Participant: 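Okay, here's the structure, questions in a sec.
The first residue in the sequence is number 1, and the count goes up from there. Hydrogens, waters and symmetry mates are skipped; everything else that's a heavy atom, side chains included, is used.
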Amino acid sequence: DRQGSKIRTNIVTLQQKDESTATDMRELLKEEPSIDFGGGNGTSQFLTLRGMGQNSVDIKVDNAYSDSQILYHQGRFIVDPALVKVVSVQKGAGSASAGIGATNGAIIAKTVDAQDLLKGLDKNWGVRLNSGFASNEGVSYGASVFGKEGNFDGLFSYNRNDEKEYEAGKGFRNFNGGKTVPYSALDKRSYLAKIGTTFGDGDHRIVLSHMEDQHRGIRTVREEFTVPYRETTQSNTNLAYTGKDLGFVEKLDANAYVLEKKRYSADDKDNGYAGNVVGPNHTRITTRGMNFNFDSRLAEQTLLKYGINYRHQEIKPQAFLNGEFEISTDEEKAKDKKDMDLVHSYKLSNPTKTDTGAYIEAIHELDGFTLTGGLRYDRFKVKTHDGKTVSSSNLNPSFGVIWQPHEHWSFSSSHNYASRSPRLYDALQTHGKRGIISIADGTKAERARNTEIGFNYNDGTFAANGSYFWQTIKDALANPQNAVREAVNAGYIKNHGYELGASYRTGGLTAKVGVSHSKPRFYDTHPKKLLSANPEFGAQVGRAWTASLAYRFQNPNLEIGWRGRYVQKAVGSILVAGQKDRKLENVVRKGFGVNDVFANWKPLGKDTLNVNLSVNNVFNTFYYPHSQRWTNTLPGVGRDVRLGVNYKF
């Protein structure tokens with residue numbers, strides 16, 4: 001890692017996850033101050049990265065990701081850590097070779113492999129069982145089988161986490177006076193099947209994989225708020241190839257995938273967003289993509305990278321419902337009449353979006369000085385649900401340097417352009433009951449320019465890093481203009497800020513500190529101000545501080561520690577123009593402090609058996625996280641005690 005805080009790779013590792021009691025990403029990455037999560041369970045949660053929300057930050061798993069969503073009242077699906085081997089972060093705009101839509105960062109995850117599960121074992125196959133118990137409130141378990149034979153390796157993994165409704169901190173009251181947050185229960189299931197082969201004497205690898213992650217339970221219409229049975233599923237079929245030494249190509253990595261997001265309601269009758277479909281309602285989003293990334297060496301320490309990005313998205317609702325379209329103290333209803341007339345007339349099909357990218361990037365190194373320059377060609381085609389098409393393309397130039405004058409020090413900067421194509425409207429509303437959703441003529445991709453400085457220090461005992469970033473996004477899209485409404489570029493986004501992290505390690509003691517603060521501001525340049533305060537776009541998070549102190553005893557092999565996360569009071573909407581209720585809102589978010597303690601115990605002295613115990617939110621603090629609407633939606637989890645065990649043999 002040499003870009004300051006810009007890029008943190010292996011923020012969490014499998015051997016680290018085994019020592020933790022966490023069963024979602026929100027807890028796993030709680031010590032990372034520039035990532036903030038909303039309250040609530042499952043897709044109740046909204047994620048922000050430097051204050052920017054999932055409308056711009058992807059979650060990439062095995063290099064497949066989609067940018068469409070189910071509905072704006074819930075966060076985009078966040079993957080279950082049980083499946084992953086490694087999680088990394090990339091903030092701001094990426095260089096040429098990053099992929100499509102790299103305007104703000106991405107959480108990047110890679111699924112587990114037989115090789116990682118075999119890590120503590122004396123042989124080429126194993127089983128892993130695990131169990132977890134949460135006081136507030138859930139039980140989880142899982143099993144895996146895996147191995148490596150000759151050049152083959154394979155894994156099958158199953159995990160379930162059944163959680164009841166959680167209760168919030170001292171002083172929260174239900175709508176009927178309980179402690180629990182209503183409809184916050186989810187029965188989460190995930191499995192992963194993966195086969196892989198290496199051949200060509202070690203130079204080639206093919207991995208085929210299938211993954212499902214599924215949430216099921218009784219869930220509200222708007223998952224972001226509390227007061228029918230639902231199943232929300234993310235599936236991934238992935239083929240990935242890695243070859244080296246292919247004549248003039250030093251390294252090629254390609255993947256191809258199909259990503260399915262499914263929402264199933266048992267009965268949508270009372271869901272206007274879903275059309276009030278009576279009985280089962282199925283909504284699907286299908287993403288296909290391929291990536292080819294090539295590396296050719298030009299000289300002993302200059303690498304050239306080039307490749308191709310293809311992504312196809314298709315939203316497929318159960319049926320269209322525009323014909324049911326309809327409009328509510330009046331006297332000029334003449335107009336309303338002509339409209340319904342107009343919408344009923346429409347012959348809706350499945351909205352789609354193709355994103356196409358080629359890029360070329362040069363990396364030249366000489367005696368500690370690394371220069372990186374690159375260019376991307378990004379092309380989109382968007383087909384809204386009225387058959388109406390619209391394309392654009394952009395050239396995106398990027399460069400950065402890494403300067404390493406001394407083995408303990410590095411300094412960095414980058415200035416990157418990147419573009420992101422307009423997102424298709426909420427999948428769950430694609431039927432059009434509520435209106436036509438078109439796209440305006442010549443509407444372009446959002447264009448980010450990201451510049452940052454950073455530094456990294458490490459002497460094997462003390463480590464530190466910092467970043468400062470500035471970002472401008474031109475042609476931001478939020479709401480559609482004039483109902484046949486259409487997607488338009490409606491203003492620009494500015495963001496700036498910093499993050500610092502430091503750490504200390506001597507003889508079993510580990511101490512870390514972090515701080516992050518950003519200022520995401522959305523500027524309206526369109527008469528009927530179409531920019532949105534929805535958490536999807538982002539939130540003004542208060543300055544976030546994290547720290548931990550942990551000590552590991554030699555006998556028995558045991559770690560105990562404390563962890564803490566403090567966020568300061570924030571004020572202001574992300575909208576420069578101000579955000580409105582149903583009057584301008586004067587946004588203020590109380591700050592809060594959360595404290596955890598945890599223990600990891602390895603009875604065998606090795607990584608094959610972990611016994612973990614933690615008490616999260618020890619003071620049973622009642623608070624609302626900032627990455628969500630400010631009107632006290634979903635509080636954080638109160639005191640939660642956990643006991644987990646994982647075991648490999």
Side-chain angles (χ1 to χ4, degrees), residues 1-13 16 29 31-35 49-50 57 60 63 86-99 102 104-110 250-251 253 293 295 297-305 359 361-374 397-418 448-471 496-505 510 512-516 518 546:
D1 280 328
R2 300 182 301 154
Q3 300 187 231
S5 206
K6 182 177 182 68
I7 278 151
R8 301 190 65 243
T9 117
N10 302 356
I11 285 157
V12 58
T13 221
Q16 267 158 20
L29 317 163
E31 230 182 326
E32 171 54 59
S34 64
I35 307 174
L49 180 58
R50 281 169 178 181
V57 14
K60 307 197 184 197
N63 211 32
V86 96
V87 178
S88 298
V89 194
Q90 240 128 247
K91 326 180 173 159
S95 59
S97 79
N104 285 298
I107 315 273
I108 295 255
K110 302 180 200 268
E250 178 169 356
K251 180 144 160 157
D253 101 326
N293 311 279
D295 298 338
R297 180 126 297 163
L298 270 29
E300 198 219 292
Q301 267 175 134
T302 146
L303 188 67
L304 190 43
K305 289 162 111 53
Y359 62 86
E361 192 176 70
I363 297 153
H364 186 34
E365 200 268 328
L366 188 53
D367 301 298
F369 194 88
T370 312
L371 193 237
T372 298
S398 68
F399 75 132
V401 312
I402 288 140
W403 173 220
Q404 185 142 21
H406 177 300
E407 51 158 4
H408 296 163
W409 281 92
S410 92
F411 298 91
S412 65
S413 48
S414 18
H415 190 69
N416 302 348
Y417 279 91
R449 194 184 53 160
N450 190 73
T451 141
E452 44 194 297
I453 49 167
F455 80 84
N456 298 80
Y457 172 87
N458 185 20
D459 66 29
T461 276
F462 182 70
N465 50 84
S467 274
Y468 204 99
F469 58 85
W470 295 263
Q471 210 207 215
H496 65 88
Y498 60 81
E499 38 221 58
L500 295 147
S503 54
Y504 178 70
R505 298 216 52 195
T510 302
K512 310 189 209 195
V513 273
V515 54
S516 193
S518 69
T546 40

Participant: So, for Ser398 and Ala96, which heavy atoms are closest and what is the spacing to 0.1 Å?
Facilitator: OG-N, 3.3 Å
Participant: For the atom pair CG (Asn456) and OG (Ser467), what is the distance rounded to the nearest 0.5 Å?
Facilitator: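 It comes to 7.5 Å.
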Participant: Would you check if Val89 and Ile35 make a side-chain contact, meaning some heavy-atom pair closer than 4.5 Å?
Facilitator: yes
Participant: If you draw a 6.0 Å radius around NZ in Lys60, do more than 12 non-hydrogen atoms from other residues or ligands fall strictly inside?
Facilitator: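 Yes - once you tally the heavy atoms of other residues, nucleotides and ligands closer than 6.0 Å, there are more than 12.
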Participant: Does CZ belonging to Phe399 count more than 12 external heavy atoms closer than 6.0 Å?
Facilitator: no
Participant: How many angstroms lie between CH2 in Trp470 and CD in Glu452, if you round to the nearest 0.5 Å?
Facilitator: 9.0 Å
Participant: Would you say the side chain of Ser95 lies within less than 4.5 Å of the side chain of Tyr359, judging by non-hydrogen atoms?
Facilitator: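 Sidechains of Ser95 and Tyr359: no contact.
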Participant: Are any of the side-chain heavy atoms of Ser5 and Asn465 separated by less than 4.5 Å?
Facilitator: yes
Participant: Give a yes or no on this: more than 12 heavy atoms of other residues, nucleotides or ligands lie within 6.0 Å of atom CZ of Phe369.
Facilitator: yes
Participant: Restricting to side chain to side chain contact (heavy atoms under 4.5 Å, CB included), what partner residues turn up for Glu365, sequence neighbours left out?
Facilitator: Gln301, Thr370
Participant: Distance from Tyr417 atom OH to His415 atom NE2, nearest 0.5 Å?
Facilitator: 5.0 Å
Participant: Would you call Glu32 and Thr546 a side-chain contact if the rule is heavy atoms closer than 4.5 Å?
Facilitator: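 No; the side chains remain at least 4.5 Å from each other.
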Participant: Applying side chain to side chain contact (heavy atoms under 4.5 Å, CB included), can you list everything that pairs with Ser412, at least two apart in sequence or on another chain?
Facilitator: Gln3, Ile402
Participant: Who pairs with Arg297 by side chain to side chain contact (heavy atoms under 4.5 Å, CB included), at least two apart in sequence or on another chain?
Facilitator: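 So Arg297 forms a side chain to side chain contact (heavy atoms under 4.5 Å, CB included) with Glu250, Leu303.
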Participant: Inspect the contact between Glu499 and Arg8 and indicate whether a charged nitrogen and a carboxylate oxygen are less than 4.0 angstrom apart.
Facilitator: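 No, this pair does not count.
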Participant: Take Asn450 and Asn416 through the test side-chain hydrogen bond (donor to acceptor under 3.5 Å, both in side chains) and record every step on the way to the result.
Facilitator: CA-CA 5 Å; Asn450 190 73; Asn416 302 348; over 6 Å; no
Participant: Once you measure the plane-to-plane angle for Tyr457 and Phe462, does it fall in the parallel (<30°), tilted (30-60°) or perpendicular (>60°) bin?
Facilitator: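 Tilted: the ring planes of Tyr457 and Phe462 meet at 30° to 60°.
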Participant: Do the side-chain N and O atoms of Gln471 and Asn104 include a donor-acceptor pair separated by under 3.5 angstrom?
Facilitator: yes
Participant: Is the closest side-chain heavy-atom distance between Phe469 and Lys91 below 4.5 Å?
Facilitator: no
Participant: Any chance CG of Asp459 has more than 12 other-residue heavy atoms, nucleotides or ligands included, within less than 6.0 Å?
Facilitator: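 For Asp459, atom CG is crowded (more than 12 foreign heavy atoms under 6.0 Å).
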Participant: Between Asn10 and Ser88, is there a side-chain heavy-atom distance shorter than 4.5 Å?
Facilitator: yes
